[PDB]
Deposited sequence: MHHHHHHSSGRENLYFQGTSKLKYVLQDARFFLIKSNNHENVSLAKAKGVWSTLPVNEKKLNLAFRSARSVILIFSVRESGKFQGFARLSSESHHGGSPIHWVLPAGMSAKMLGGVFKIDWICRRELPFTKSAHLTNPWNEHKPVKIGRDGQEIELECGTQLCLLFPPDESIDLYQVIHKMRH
């Protein structure tokens, strides 16, 4: 069902993450980590202290799809990850959904924080307004491999 997912997303903040390649998203799914540009890293650190959940929604450039979404479990930290290419700050993340969602299925959602353009459109780090981001996450196929119980107990 969707009740625990709705609880995790309650009063959350949402950010679009754009990766150059599938390899980095695959590494993030295997290792529970993400790194981003310093300008975006500053935004995510601020948001992490500010909200009960910060959700990253991932899209590989040119894929026409989102590849899943995850919750920050830490601010960025330094001191290695073989990313394909700065990306030195490393966030810990808990995956909420590792399934894909094609952009065709989100064509009815627009992001007020990006001029009400379709939510698929935006730069890496673009914030997605609460209602848009919640509805986007709810569109993904349920990921039955994930138990949100341990996620809820970090909030």
Subject >> Missing stretches, numbered from 1 on the deposited chain sequence and kept in order >> reply: 1-17, 97-98, 105-111, 182-183
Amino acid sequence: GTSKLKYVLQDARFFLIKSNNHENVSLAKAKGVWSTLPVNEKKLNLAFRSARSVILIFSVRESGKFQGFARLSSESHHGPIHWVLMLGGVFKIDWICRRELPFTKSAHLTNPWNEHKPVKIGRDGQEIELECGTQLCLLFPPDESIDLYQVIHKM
From here on, numbers count along this sequence of modelled residues.
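In this text, rigid core is short for the largest set of C-alphas that superpose within 1.5 Å between two forms.
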**OP:** Using RMS Cα distance over all structures and residues, flag whichever of 122-130 and 87-95 lies farther from this form in 8 other deposited structures of this protein after a core fit.
**Re:** 87-95
Subject >> Stretch with the higher entry mean CA B-factor, where the candidates are 86-94 and 28-36 >> reply: 86-94
Original post:
Looking only at CA atoms, which has the higher mean B factor in the entry: 38-46 or 104-112?
Top reply: 38-46
**OP:** Sorting the chain's modelled residues by C-alpha B-factor, tell me whether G133 ends up in the lowest, middle or highest third.
**Re:** lowest
**OP:** Taking the chain's C-alpha temperature factors as the reference, tell me which third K65 falls into: lowest, middle or highest.
**Re:** lowest
